[PDB]
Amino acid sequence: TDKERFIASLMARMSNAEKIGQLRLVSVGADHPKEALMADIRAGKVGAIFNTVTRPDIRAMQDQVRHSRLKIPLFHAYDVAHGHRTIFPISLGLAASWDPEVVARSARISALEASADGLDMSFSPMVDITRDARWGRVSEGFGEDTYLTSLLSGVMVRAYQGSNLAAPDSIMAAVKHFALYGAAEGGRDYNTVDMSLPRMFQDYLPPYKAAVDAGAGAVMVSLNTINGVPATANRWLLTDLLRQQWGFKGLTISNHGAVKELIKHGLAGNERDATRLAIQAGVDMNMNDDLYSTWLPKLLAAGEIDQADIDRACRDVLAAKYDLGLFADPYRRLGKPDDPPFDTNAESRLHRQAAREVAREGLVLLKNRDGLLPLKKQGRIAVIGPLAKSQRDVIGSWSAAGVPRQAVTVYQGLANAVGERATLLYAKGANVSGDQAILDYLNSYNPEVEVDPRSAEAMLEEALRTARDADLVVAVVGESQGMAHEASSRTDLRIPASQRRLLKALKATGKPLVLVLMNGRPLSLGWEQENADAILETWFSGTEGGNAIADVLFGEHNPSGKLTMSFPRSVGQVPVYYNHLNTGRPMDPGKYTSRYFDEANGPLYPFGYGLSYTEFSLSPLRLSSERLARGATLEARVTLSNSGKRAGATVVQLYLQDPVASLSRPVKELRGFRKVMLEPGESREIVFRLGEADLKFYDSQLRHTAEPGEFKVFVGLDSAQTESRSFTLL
């Protein structure tokens, strides 16, 4: 209420011009040249900045505020998605850690680095559920599961915002993209989203609510339609749900041009009408298109909006700044006047230890025939493929202020790990794509892919010569990071054809073949699963990726990563996800079942899958009783043993099924997990606790209750290989 008092006294002093100026969020560029923008800040016409990311540049902008009548400070934002300068694995790789503390650490270090550069806010976490592998932005989320993504949503917010949003090493989380953005039809970015309310409430909305309940300060509004209404114009979504039902008290931010794009969506015929729809829906802050500054005065004078629409939006911007500590000290993240200057990109400001330890936890072992991995540091290892020496790709998409030249390649990680104990032989083998039109797409803004001027044939002949001179081949293959970014949707989920030709040529040498995969989405890997001797999924593993990958390949780290998104056998099976409905004719096999005829059915690799260099055993599942009273707790116990020869971690997963309900419920739903590190011969009793809240679902009328009757409890080391027992809720 100090905050409410402070904001009400400030707003009672402000003109409408000053209130509207708070709603303007801009980036320096063609549309807002630096000197003109500086003059607007001085006039009180700017509320905040994004994409200005160094302390002297931010401090210069904050200095301009002292010229405005009320000297209301700016906040500065950036897309710190999975690292600021030190780049962690992409979020899909962090999720595969199954370890909230690992994910927390990446977020904390991101906030530490971003706040050290003067940033107040990140447009993160991204908590959109993804069941469609074709979407470019699957790399930005935590996979297909509502429970896990909801958990990590809360973890990311708490880790960014810390104990106090006014702390100089805290940043505000702007959770995105509200809402349902990863359900785009056809996996085409920005495309139509259409879904029932029970699916929306049960599966898609809970991660956004988890962020709000963790106290997220901001929400970034999505670019897509929800059931015909763009999120930027959706009063039900942004007012009724987010504010009135969920109690969100923070700031809504539009995406770039989102208010103007209501004209392309066909909700508005002109910019004046687009502005009215966005502010009355509940969008507080207008990114870059400047429609609010242009049209809000005219709309109010015409009685087309209410003073309360402006007041709500302005209070939310001021409340964000208040919580960030900026009214107490606008320079709290910008140090002192005549602090000595520093190199923003100095090696001494990176966190390589943390990036290497985090990156180890996300690597997923998918195949390991006859214990080929871990490798011994000996002999001659051929390192082949267009991603082996790529610094640009290892840091991934949404690499923020990450510097490619600071990153450790797979080749360099292997060189560092073996030193003089083994000989590495390098050949590029193929370009990332053989299709010049795809290479031109990827290099269209910036040179992001090195195109070897040699023929495909010459590169292959060199790679075969290299393979013949080696004891075994480490093929580093998959996507370049520009294939799994905003607007980069794919119609094919395989490794690119140029690289598959290389893999088929390398297989024909008879040399043991280890695949190191880099990719930002599930890939179709049927040929690789049949033909490679071992397969390690490394996503894009970040600044220290090459070192983390070498640590796993040589057995310094026993792989512990597990998939959080199902890998389809082909793009033609989309969508595939573990928490699907049974249907009336489930596939076991019979012709008259829910299936395809022209390919094997089910995912190639299921949700929760990942191998180890050791063996684990689970004892029989035991429940604390066969009947559960309302308000009572059920315990599900299992003993995990390391029955192999190497220390390692696995993830014990708990799944629930509600086999008779008022709605058809999923064949199983994740409801808990434990990541457990065990030395050989160690045993751990795992105790899962379940209550009524774990058993609730949204019915056809969106009643959120648990119905009496049977529940099935499954425990295992993936979604496919479980044991189950039942109990009855009374």
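When you see a residue number, it is the position in the sequence shown, counting from 1. Just so we're on the same page, rigid core means the largest C-alpha set that superposes within 1.5 Å between forms.
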If the other structures are each fit on the rigid core, which stretch ends up farther away in C-alpha terms in 5 other deposited structures of this protein, 331-339 or 532-540? 331-339
Considering only other entries where residues before and after it are modelled, is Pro589 without coordinates in at least a third? yes
Deposited residues absent from the coordinates between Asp588 and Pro589, none, 1 to 3, 4 to 9, or 10 or more? 1 to 3
Selected stretch [higher average CA B-factor]: 643-651 or 453-461: 453-461
Quick check on the record: does 552-560 or 357-365 carry the larger mean Cα temperature factor? 552-560
Highest CA B factor of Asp492, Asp203, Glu615, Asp120, as deposited, is found at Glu615
Highest-ranked of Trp135, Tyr292, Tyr445, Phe178 once sorted by CA temperature factor in the record: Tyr445
Test of reading the entry: by CA B factor among the chain's modelled residues, which third contains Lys712? middle
Sort the modelled residues of this chain by their C-alpha B factor and say whether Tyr322 lands in the lowest, middle or highest third. middle
When the deposited Cα B-factors of this chain's modelled residues are ordered and cut into thirds, is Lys34 in the lowest, the middle or the highest one? highest
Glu101 - which third its CA temperature factor falls in, relative to the rest of the chain: highest
What third of the chain does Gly47 rank in for C-alpha temperature factor, lowest, middle or highest? lowest
